[PDB]
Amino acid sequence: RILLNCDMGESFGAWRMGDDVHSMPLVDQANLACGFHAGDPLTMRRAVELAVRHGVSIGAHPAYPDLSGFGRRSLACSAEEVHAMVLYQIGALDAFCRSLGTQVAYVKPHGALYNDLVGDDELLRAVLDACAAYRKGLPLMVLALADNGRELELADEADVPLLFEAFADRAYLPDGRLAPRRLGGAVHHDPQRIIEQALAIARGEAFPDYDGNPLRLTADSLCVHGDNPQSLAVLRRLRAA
């Protein structure tokens, strides 16, 4: 039923992020960095080889140009700037994919860019259009909400398929958005809390939001973070299914 995704290839130079070798065999979808928040060219090659080696679907994980902030800070870019930096990043990653006989299978924006799309029509249009410009049929992954009507409508105008994503290890606000990271309790560090939220989403059942009040979602893809070490050491919830 629901697919597991995970942000990977987020190492950079001599610095390691996550634990891609462990997480790759457990997920369906690898959202790989494209050098703007992480993932230098050699790291990118390695992330793709590792994904290819485990049969995992590769998404482009593009970000704002902000290495020191890990692409988790909103940067007030024009739609024109965003279109071009998405296109650039998709093509850079796809170069490695094709040398390894595969291709970029979807796009999942990283960090503040991903969250800025939830409230900004002009940025989502720009991102959708970059996807369509690159390849007919290339899906964009966006935040599942109770009502995804705005996203469905814009995706229709651009003729881009959408993948609706939910999160196992992030606290949700009442309004359907994710709790900002600049605030305690935004990431779940209780493994049992992560498992329960994940399975509530998998089943379309209510789960506790940030304030412990019930929130209901259904999603095509479920994100688990390799950054988060508890979400790592509990990742064998693939077996729960």
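Residues carry their position along the shown sequence, with the first being 1.
(request) Averaging the C-alpha B factors as listed in the entry, name the stretch that ends up higher: 69 to 77 or 140 to 148. (result) Looking at the recorded C-alpha B-factors, 140 to 148 comes out higher on average.
(request) Report the stretch with the higher mean CA temperature factor, choosing between 41 to 49 and 188 to 196 on the basis of the entry. (result) It is 188 to 196 that shows the higher mean C-alpha B-factor.
(request) Within this chain's modelled residues, let me know which third the CA B factor of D227 belongs to: lowest, middle or highest. (result) CA B-factor rank for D227: highest third.
(request) Select lowest, middle or highest to describe the third in which the CA B-factor of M17 falls within its chain in this entry. (result) According to the entry, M17 has a C-alpha B-factor in the chain's middle third.
(message) What third of the chain does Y172 rank in for C-alpha temperature factor, lowest, middle or highest?
(response) CA B-factor rank for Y172: middle third.
(message) Quick check for you: using the entry's CA B-factors within this chain, is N31 in the lowest, middle or highest third?
(response) CA B-factor rank for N31: lowest third.
(message) Going by the CA temperature factor in the PDB record, which third of the chain does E153 belong to: lowest, middle or highest?
(response) Highest third, going by the recorded CA B-factors of the chain.
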